[PDB]
Amino acid sequence: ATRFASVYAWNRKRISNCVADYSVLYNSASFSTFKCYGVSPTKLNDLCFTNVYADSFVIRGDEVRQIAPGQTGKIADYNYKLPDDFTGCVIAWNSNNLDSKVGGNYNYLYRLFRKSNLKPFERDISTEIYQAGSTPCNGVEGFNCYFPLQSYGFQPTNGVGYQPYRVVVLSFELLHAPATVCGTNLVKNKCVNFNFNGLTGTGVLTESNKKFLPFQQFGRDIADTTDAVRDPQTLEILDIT
Amino acid sequence: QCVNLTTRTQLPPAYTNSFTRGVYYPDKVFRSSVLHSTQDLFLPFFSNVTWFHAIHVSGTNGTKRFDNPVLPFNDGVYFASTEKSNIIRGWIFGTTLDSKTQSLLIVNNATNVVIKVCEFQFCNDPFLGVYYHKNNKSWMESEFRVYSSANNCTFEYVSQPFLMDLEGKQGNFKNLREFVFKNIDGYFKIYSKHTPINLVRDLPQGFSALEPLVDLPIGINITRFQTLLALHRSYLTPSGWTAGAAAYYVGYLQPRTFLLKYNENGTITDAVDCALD
Amino acid sequence: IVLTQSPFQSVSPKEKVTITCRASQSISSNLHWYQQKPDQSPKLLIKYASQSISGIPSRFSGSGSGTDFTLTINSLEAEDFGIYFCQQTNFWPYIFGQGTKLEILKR
Amino acid sequence: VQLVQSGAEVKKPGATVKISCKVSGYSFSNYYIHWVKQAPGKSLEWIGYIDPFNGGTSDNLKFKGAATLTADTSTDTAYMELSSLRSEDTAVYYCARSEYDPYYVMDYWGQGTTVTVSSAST
Amino acid sequence: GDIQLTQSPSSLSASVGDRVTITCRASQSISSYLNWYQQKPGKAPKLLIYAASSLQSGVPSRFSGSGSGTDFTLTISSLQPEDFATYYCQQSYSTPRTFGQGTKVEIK
Amino acid sequence: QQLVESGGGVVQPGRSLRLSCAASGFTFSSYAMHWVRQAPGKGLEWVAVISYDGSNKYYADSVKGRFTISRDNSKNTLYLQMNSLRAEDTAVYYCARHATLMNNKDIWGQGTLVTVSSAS
Ligand SMILES: *[C@@H]1O[C@H](CO)[C@@H](O[C@@H]2O[C@H](CO)[C@@H](O)[C@H](O)[C@H]2NC(C)=O)[C@H](O)[C@H]1NC(C)=O
Ligand SMILES: *[C@@H]1O[C@H](CO)[C@@H](O)[C@H](O)[C@H]1NC(C)=O
């Protein structure tokens, strides 16, 4: 994606009803800090999910160690909060060639103060004035009270510890809902056990000229046996004897 | 938005008789020249079907009658229309017809129908407004003349347009278009068909087979609904609304046992209800 | 994002040796150079490709140019030599140097 | 200052080996841990890095041993479980102390732990 | 009542390479909430120091702020031929905000 | 990034003149905004605030003329109507912002002349 927001207004994208391309995640290998939880990253290729939350933002190259489930520091204190029990992966890399610009990057922001620690996964777009001391400022700025938000300072003149990371966080769950997001060569005329689309049986699969209507799946015979099936990957009419 | 023109009209719902109608394929399984029998929700033959009119000119001058009510879903719903010039797009299917429940919002906005399962706020007189943009000379569709709020949305999908024209035919087709809507077991499935009809209004004796379009995770009970409309604006003449005329057919489904006769190519022609007589 | 090293580097005491770490396509400036004594844990010679860890004598340097990263040691001694490594930086996994065995002649 | 690695292993093919890297001499939650393999006659190979305070697995697929690293924070130990042992999994296993911040050296290591995967007995 | 400012001197005709200390004094004890502005007459007031002790982008350290409480200091150093303009201090402690009367640094 | 102002002009005393100032580059919405006054040869005198992040309006009691201030946030614009005029207010106005130890957002409009006189 071309434009991640900051951490005070981080973008969240509920994703379901598709398939996971978890291979090139590991084959990317241009990513600085790439960690996971729940069960092993090699294991998560097939072990799949009801409903995932993909939320991303941009933070500093020093504060990214604050991003860890159950730590402290500003980004996890007032900006974006991983829960106490977490499943997903933290994906983190540098985008110094895009974000930090000569003449100064000050598009990005964050919240530096709030009158409590932040509830998990809940953003804070309320840019009203917090009153640290008791003197009421009441919306306008003043004394004992500060502005809530602050920018980052990004230029390519920064060191490597001050480079912008485009941290995308993937979070997962499991429910009464099914695994809506989830990650064998055909043998002709061979007695072969099989499964097509969950349909299971044992037969001799052949080429067959009986002609389906497109939406259809099975064929059947007089006896309510499963007579003929269509190969889902390459549409073809396959008998079952 | 929520601009509204109830224009309530009297008179009894004009009924009709579906002769052989509303027989879809209740499976993907390909069968050839066999008699298959299942007991499923259908519109039973020789049934009372209400020929409703969304917009109805009864001539003196003008007098366009906007009657289309919110209608209960009951067990299941059948739908049929001709509409050589489309004025119909989608349906509002839901329960509260409001927030607090999900909303099934089918918009066949040209050309990419964007099916929507969301939580909306549907107005008192919802329908799709159409106007002229003046930028790129294109007729847009204002979609919030239907509903004010769109938020919380649970599901979204896009497909090739279910509603489709052919025309050039100066009639003699009418492009009779049928859509069956059945909500079960987490799958609300849509069916369709397109048929020529030369008769003035009502339905012929032929059989109409409806394939399932998409089988979608809906998970909501829909007890009530209303159709949607496409209207526009006019300019000074002795604002403009109610483009053309609009009428359609509605009937409710019901569990019945049909015997299904497939053809050598699996095209069902003859279906017979068991409980009919 | 794979790095390439030269197999063996044959020099003598007092001469300077340069052992490249050459990464396909883009490089990250940081790099980590490793001295492996036979059957012994390689010890990090160069960190960040601009600094050497504490206690490492000053003949040891590291650097990079373009797609290259050089391990360059001046005034070699027969005590010093051993197989040399680099490590890639970031880019998901770090591919460690294939290794380059430093031989020193004149014995 | 001290990463002490459990004794060498010898396991039959397809079997499992979990090796421990014990820590002392620094602050164990202030540093990530890399696990590095080196085969016979061959080079360093990084299998994964872990976090002491949380999961940190970013296992390069490389040889797929379903590898999982676990930190036992009480003893300041890091663990490496390697299953489906294959005839080329016979190699020395280094654990490598990394910085908690995006910096990633290993300045101090364990000594190595050899695991031999062979159908032949010891 | 209001918070009075005291900007001294209200003008200082200066020369090349000077180090001018334009003082803004306060009637109350203000923590650091004082600023500084560049205004050539007819321009927009370009902010120079924020919180009385911090530099600004585009403005090098030839300007340099310090002070707290009542006493605030504009530390202009190595006075440049473009720096000769009408300048201002600024409270943000309470409401109402007042600004200083201005100090015009100008070529001798 | 940029601030634009409504047109200044010569207005008879006692009248009213709404002041429009639209933003660009970044929104008005997340910030406050101010108005200040510069009479010719006179110092910059603060006038009034706006505070959108709640809702509150503060005026200078030095020039306490009920110069009303409110928003058009969706156009990133701000409206202060010149009420109860008197001739010494004849000056240029600026749209303003204060770096309150946190931000560096002090952005200033171009400046337009309000004139309070019976002679055009
Ligand atoms: C279907 O939606 C209807 C709401 O319209 C729910 O039916 C209601 O059930 C309660 C009893 O729990 C009755 O008192 C109401 O009269 C019913 N509504 C109507 C309109 O009659 C029902 O809960 C939903 N379906 C399921 C399976 O829960
Ligand atoms: C249908 O309606 C007609 C009146 O138009 C009535 O005579 C008949 O009994 C009804 N039958 C059914 C099945 O609703």
# chains A, B, ... in the order shown; residues from 1 in each chain; ligands from 1

$ residues_near_ligand --ligand "ligand 2" --cutoff "12 Å" --atoms "only C-alpha atoms and all ligand atoms" --output "NGL selection string"
:B and (12-18 or 43-51 or 251-252 or 254 or 276-277)

$ select_by_dssp --residues "chain C" --states "strand (DSSP E or B)" --output "ChimeraX atom specification"
/C:3-5,8-11,17-23,32-36,43-47,51-52,60-65,68-73,83-87,96,100-104

$ write_last_selection --atoms "C-alpha atoms" --output "PDB file, in the first residue's frame"
ATOM      1  CA  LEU C   3      25.586 -11.952  -0.393  1.00  0.00           C
ATOM      2  CA  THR C   4      28.666 -13.372  -2.128  1.00  0.00           C
ATOM      3  CA  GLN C   5      32.180 -13.850  -0.738  1.00  0.00           C
ATOM      4  CA  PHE C   8      40.119 -18.049  -0.103  1.00  0.00           C
ATOM      5  CA  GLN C   9      42.513 -15.151   0.308  1.00  0.00           C
ATOM      6  CA  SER C  10      46.252 -15.766   0.259  1.00  0.00           C
ATOM      7  CA  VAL C  11      48.505 -13.038   1.654  1.00  0.00           C
ATOM      8  CA  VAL C  17      44.142  -8.234   2.474  1.00  0.00           C
ATOM      9  CA  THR C  18      40.627  -7.334   1.298  1.00  0.00           C
ATOM     10  CA  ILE C  19      37.805  -9.888   1.498  1.00  0.00           C
ATOM     11  CA  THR C  20      34.578  -8.740  -0.121  1.00  0.00           C
ATOM     12  CA  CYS C  21      30.991  -9.201   1.003  1.00  0.00           C
ATOM     13  CA  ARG C  22      29.020  -8.715  -2.215  1.00  0.00           C
ATOM     14  CA  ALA C  23      25.221  -8.715  -2.042  1.00  0.00           C
ATOM     15  CA  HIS C  32      28.667  -7.900  10.519  1.00  0.00           C
ATOM     16  CA  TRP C  33      32.071  -9.565   9.999  1.00  0.00           C
ATOM     17  CA  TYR C  34      33.002 -12.836  11.707  1.00  0.00           C
ATOM     18  CA  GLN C  35      36.370 -14.504  12.371  1.00  0.00           C
ATOM     19  CA  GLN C  36      36.011 -18.302  12.700  1.00  0.00           C
ATOM     20  CA  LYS C  43      33.897 -13.836  16.776  1.00  0.00           C
ATOM     21  CA  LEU C  44      32.415 -10.640  15.438  1.00  0.00           C
ATOM     22  CA  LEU C  45      35.092  -8.485  13.827  1.00  0.00           C
ATOM     23  CA  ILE C  46      33.020  -5.653  12.333  1.00  0.00           C
ATOM     24  CA  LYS C  47      29.576  -4.388  13.417  1.00  0.00           C
ATOM     25  CA  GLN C  51      32.926  -0.090  13.808  1.00  0.00           C
ATOM     26  CA  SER C  52      34.901  -2.954  15.462  1.00  0.00           C
ATOM     27  CA  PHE C  60      40.780  -4.916  11.472  1.00  0.00           C
ATOM     28  CA  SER C  61      38.416  -2.698   9.502  1.00  0.00           C
ATOM     29  CA  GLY C  62      35.259  -3.102   7.499  1.00  0.00           C
ATOM     30  CA  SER C  63      33.521  -1.076   4.844  1.00  0.00           C
ATOM     31  CA  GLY C  64      31.337  -1.201   1.781  1.00  0.00           C
ATOM     32  CA  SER C  65      30.987   0.354  -1.650  1.00  0.00           C
ATOM     33  CA  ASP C  68      30.217  -4.648  -1.925  1.00  0.00           C
ATOM     34  CA  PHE C  69      31.376  -4.864   1.656  1.00  0.00           C
ATOM     35  CA  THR C  70      35.090  -5.342   2.231  1.00  0.00           C
ATOM     36  CA  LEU C  71      36.804  -6.882   5.213  1.00  0.00           C
ATOM     37  CA  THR C  72      40.194  -5.188   5.055  1.00  0.00           C
ATOM     38  CA  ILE C  73      42.989  -6.042   7.499  1.00  0.00           C
ATOM     39  CA  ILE C  83      38.168 -17.968   7.997  1.00  0.00           C
ATOM     40  CA  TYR C  84      36.205 -14.739   7.601  1.00  0.00           C
ATOM     41  CA  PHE C  85      32.472 -14.104   7.457  1.00  0.00           C
ATOM     42  CA  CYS C  86      30.045 -11.320   6.887  1.00  0.00           C
ATOM     43  CA  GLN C  87      26.384 -11.271   7.829  1.00  0.00           C
ATOM     44  CA  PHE C  96      25.860 -15.521   6.651  1.00  0.00           C
ATOM     45  CA  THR C 100      36.728 -17.100   3.241  1.00  0.00           C
ATOM     46  CA  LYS C 101      39.728 -18.885   4.714  1.00  0.00           C
ATOM     47  CA  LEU C 102      42.574 -16.446   5.360  1.00  0.00           C
ATOM     48  CA  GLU C 103      45.972 -18.040   4.757  1.00  0.00           C
ATOM     49  CA  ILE C 104      49.170 -16.226   5.673  1.00  0.00           C
TER      50      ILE C 104
END

$ atom_distance --atom1 "CA of residue 9 in chain F" --atom2 "CA of residue 114 in chain F"
5.5 Å

$ closest_residue --among "C:82, C:57, C:66, C:42" --to "chain D" --atoms "only C-alpha atoms"
C:42

$ residues_near_ligand --ligand "ligand 1" --cutoff "7 Å" --atoms "only C-alpha atoms and all ligand atoms" --output "VMD selection string"
chain B and resid 95 221 to 223

$ write_last_selection --atoms "N, CA, C and O atoms" --output "PDB file, in the first residue's frame"
ATOM      1  N   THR B  95     -34.784  -6.902   8.449  1.00  0.00           N
ATOM      2  CA  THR B  95     -35.795  -7.174   9.463  1.00  0.00           C
ATOM      3  C   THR B  95     -36.378  -5.876  10.000  1.00  0.00           C
ATOM      4  O   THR B  95     -37.558  -5.581   9.788  1.00  0.00           O
ATOM      5  N   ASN B 221     -31.686 -13.573   9.695  1.00  0.00           N
ATOM      6  CA  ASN B 221     -33.082 -13.781   9.340  1.00  0.00           C
ATOM      7  C   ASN B 221     -33.636 -12.497   8.740  1.00  0.00           C
ATOM      8  O   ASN B 221     -33.487 -11.418   9.323  1.00  0.00           O
ATOM      9  N   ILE B 222     -34.271 -12.613   7.580  1.00  0.00           N
ATOM     10  CA  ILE B 222     -34.900 -11.489   6.899  1.00  0.00           C
ATOM     11  C   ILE B 222     -36.398 -11.738   6.925  1.00  0.00           C
ATOM     12  O   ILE B 222     -36.883 -12.678   6.283  1.00  0.00           O
ATOM     13  N   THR B 223     -37.132 -10.944   7.704  1.00  0.00           N
ATOM     14  CA  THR B 223     -38.578 -11.092   7.774  1.00  0.00           C
ATOM     15  C   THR B 223     -39.355 -10.081   6.936  1.00  0.00           C
ATOM     16  O   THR B 223     -40.578 -10.217   6.827  1.00  0.00           O
TER      17      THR B 223
END

$ select_by_dssp --residues "chain F" --states "helix (DSSP H, G or I)" --output "number ranges by chain"
F: 73-75, 87-89

$ write_last_selection --atoms "N, CA and C atoms" --output "PDB file, in the first residue's frame"
ATOM      1  N   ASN F  73     -15.717  23.873   9.542  1.00  0.00           N
ATOM      2  CA  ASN F  73     -14.659  22.876   9.652  1.00  0.00           C
ATOM      3  C   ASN F  73     -14.526  22.039   8.388  1.00  0.00           C
ATOM      4  N   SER F  74     -15.654  21.751   7.740  1.00  0.00           N
ATOM      5  CA  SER F  74     -15.641  20.888   6.567  1.00  0.00           C
ATOM      6  C   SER F  74     -15.093  21.610   5.346  1.00  0.00           C
ATOM      7  N   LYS F  75     -14.998  22.934   5.401  1.00  0.00           N
ATOM      8  CA  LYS F  75     -14.260  23.685   4.403  1.00  0.00           C
ATOM      9  C   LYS F  75     -12.915  24.173   4.918  1.00  0.00           C
ATOM     10  N   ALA F  87     -13.197  53.177  15.027  1.00  0.00           N
ATOM     11  CA  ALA F  87     -12.284  53.509  13.928  1.00  0.00           C
ATOM     12  C   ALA F  87     -10.854  53.055  14.194  1.00  0.00           C
ATOM     13  N   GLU F  88     -10.463  52.991  15.469  1.00  0.00           N
ATOM     14  CA  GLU F  88      -9.113  52.571  15.828  1.00  0.00           C
ATOM     15  C   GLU F  88      -8.868  51.092  15.560  1.00  0.00           C
ATOM     16  N   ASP F  89      -9.921  50.316  15.300  1.00  0.00           N
ATOM     17  CA  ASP F  89      -9.761  48.939  14.858  1.00  0.00           C
ATOM     18  C   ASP F  89      -9.369  48.838  13.390  1.00  0.00           C
TER      19      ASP F  89
END

$ interface_residues --of "chain E" --to "chain F" --cutoff "7 Å" --atoms "only C-alpha atoms" --output "VMD selection string"
chain E and resid 44 to 45 47 50 to 51 92 96 to 99 101 to 102

$ decode --residues "range 107-231 of chain B" --atoms "C-alpha atoms" --output "CSV table (one decimal), in the first residue's frame"
chain,number,residue,atom,x,y,z
B,107,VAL,CA,-27.6,-2.5,-5.7
B,108,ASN,CA,-27.1,-3.4,-9.4
B,109,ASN,CA,-25.5,0.1,-9.9
B,110,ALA,CA,-24.4,-0.1,-13.6
B,111,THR,CA,-22.5,-2.0,-14.4
B,112,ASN,CA,-20.9,-3.5,-11.2
B,113,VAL,CA,-23.7,-4.7,-8.9
B,114,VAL,CA,-22.2,-4.2,-5.4
B,115,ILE,CA,-24.1,-6.6,-3.2
B,116,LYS,CA,-24.0,-5.3,0.3
B,117,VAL,CA,-24.8,-7.0,3.6
B,118,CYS,CA,-24.3,-4.2,6.1
B,119,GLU,CA,-26.1,-2.1,8.7
B,120,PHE,CA,-27.9,0.9,7.1
B,121,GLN,CA,-30.5,3.5,7.9
B,122,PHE,CA,-33.2,3.1,5.3
B,123,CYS,CA,-35.5,6.1,4.8
B,124,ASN,CA,-39.2,6.1,4.9
B,125,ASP,CA,-39.4,6.2,1.0
B,126,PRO,CA,-36.2,4.5,-0.1
B,127,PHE,CA,-35.1,4.2,-3.7
B,128,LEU,CA,-32.0,5.0,-5.8
B,129,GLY,CA,-31.9,8.5,-7.2
B,130,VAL,CA,-30.3,9.0,-10.6
B,131,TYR,CA,-29.2,12.4,-11.9
B,132,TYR,CA,-26.8,13.9,-14.5
B,133,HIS,CA,-23.2,14.7,-13.4
B,134,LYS,CA,-22.4,17.4,-16.2
B,135,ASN,CA,-18.8,16.3,-15.6
B,136,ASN,CA,-18.0,13.6,-18.2
B,137,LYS,CA,-21.7,13.8,-19.2
B,138,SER,CA,-22.6,10.7,-17.2
B,139,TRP,CA,-25.8,9.7,-15.3
B,140,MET,CA,-24.7,9.0,-11.8
B,141,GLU,CA,-26.8,7.2,-9.2
B,142,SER,CA,-27.3,8.9,-5.8
B,143,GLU,CA,-27.4,5.9,-3.5
B,144,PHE,CA,-28.3,7.7,-0.3
B,145,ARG,CA,-31.8,8.6,-1.5
B,146,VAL,CA,-32.3,5.0,-0.4
B,147,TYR,CA,-30.5,5.0,2.9
B,148,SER,CA,-28.8,7.7,5.0
B,149,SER,CA,-26.2,5.9,7.0
B,150,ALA,CA,-23.8,3.2,5.8
B,151,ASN,CA,-21.6,1.8,8.6
B,152,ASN,CA,-20.7,-1.3,10.7
B,153,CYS,CA,-20.9,-3.2,7.4
B,154,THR,CA,-20.6,-7.0,7.8
B,155,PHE,CA,-20.2,-8.1,4.2
B,156,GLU,CA,-19.6,-6.8,0.7
B,157,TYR,CA,-19.4,-8.5,-2.8
B,158,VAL,CA,-19.4,-7.6,-6.5
B,159,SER,CA,-20.3,-9.6,-9.5
B,160,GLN,CA,-21.4,-9.3,-13.2
B,161,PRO,CA,-24.8,-7.6,-13.4
B,162,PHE,CA,-27.8,-9.9,-12.7
B,163,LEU,CA,-30.1,-7.4,-14.3
B,164,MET,CA,-29.2,-7.3,-18.0
B,165,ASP,CA,-30.7,-5.8,-21.1
B,166,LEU,CA,-30.7,-6.8,-24.7
B,167,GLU,CA,-33.3,-4.6,-26.3
B,168,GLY,CA,-33.3,-3.4,-29.9
B,169,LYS,CA,-36.4,-5.6,-30.1
B,170,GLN,CA,-39.2,-3.0,-29.9
B,171,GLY,CA,-40.9,-5.4,-27.5
B,172,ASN,CA,-41.8,-9.0,-28.3
B,173,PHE,CA,-39.4,-10.0,-25.6
B,174,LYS,CA,-40.1,-7.6,-22.7
B,175,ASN,CA,-37.1,-9.4,-21.2
B,176,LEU,CA,-39.0,-11.1,-18.5
B,177,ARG,CA,-36.7,-11.4,-15.5
B,178,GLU,CA,-37.2,-13.5,-12.4
B,179,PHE,CA,-35.3,-13.6,-9.2
B,180,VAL,CA,-35.8,-16.1,-6.3
B,181,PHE,CA,-34.6,-15.4,-2.8
B,182,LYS,CA,-34.4,-18.1,-0.2
B,183,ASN,CA,-32.8,-17.6,3.2
B,184,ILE,CA,-31.7,-20.8,5.0
B,185,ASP,CA,-28.8,-22.4,6.9
B,186,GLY,CA,-26.5,-19.3,6.7
B,187,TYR,CA,-26.8,-19.4,2.9
B,188,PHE,CA,-29.1,-16.9,1.3
B,189,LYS,CA,-28.9,-18.0,-2.3
B,190,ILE,CA,-30.0,-16.0,-5.4
B,191,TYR,CA,-31.5,-17.4,-8.5
B,192,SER,CA,-32.1,-15.7,-11.9
B,193,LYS,CA,-33.4,-16.2,-15.4
B,194,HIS,CA,-34.1,-14.2,-18.6
B,195,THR,CA,-37.0,-15.0,-20.9
B,196,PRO,CA,-38.8,-13.5,-23.9
B,197,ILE,CA,-42.5,-12.9,-23.5
B,198,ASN,CA,-44.9,-11.7,-26.2
B,199,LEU,CA,-48.0,-11.5,-23.9
B,200,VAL,CA,-49.2,-8.1,-22.8
B,201,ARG,CA,-48.5,-8.6,-19.1
B,202,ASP,CA,-48.9,-11.9,-17.2
B,203,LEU,CA,-46.9,-15.1,-17.4
B,204,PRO,CA,-47.0,-17.9,-20.0
B,205,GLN,CA,-47.3,-21.7,-19.5
B,206,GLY,CA,-43.6,-22.4,-19.9
B,207,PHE,CA,-41.1,-23.6,-17.3
B,208,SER,CA,-38.4,-21.4,-16.0
B,209,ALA,CA,-35.3,-23.0,-14.5
B,210,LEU,CA,-33.3,-20.7,-12.2
B,211,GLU,CA,-29.7,-21.5,-11.4
B,212,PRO,CA,-28.2,-20.4,-8.1
B,213,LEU,CA,-26.1,-17.3,-8.7
B,214,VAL,CA,-24.1,-17.1,-5.5
B,215,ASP,CA,-24.4,-19.0,-2.3
B,216,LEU,CA,-23.5,-16.4,0.4
B,217,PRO,CA,-22.8,-16.5,4.2
B,218,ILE,CA,-25.7,-14.2,5.3
B,219,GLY,CA,-26.5,-15.6,8.7
B,220,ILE,CA,-29.4,-13.1,9.2
B,221,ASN,CA,-33.1,-13.8,9.3
B,222,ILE,CA,-34.9,-11.5,6.9
B,223,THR,CA,-38.6,-11.1,7.8
B,224,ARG,CA,-39.4,-8.1,5.6
B,225,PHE,CA,-38.3,-6.1,2.6
B,226,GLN,CA,-39.1,-3.7,-0.2
B,227,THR,CA,-37.8,-3.2,-3.7
B,228,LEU,CA,-35.6,-0.4,-5.1
B,229,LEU,CA,-36.1,2.1,-7.9
B,230,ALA,CA,-34.3,4.3,-10.3
B,231,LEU,CA,-35.8,7.7,-11.0
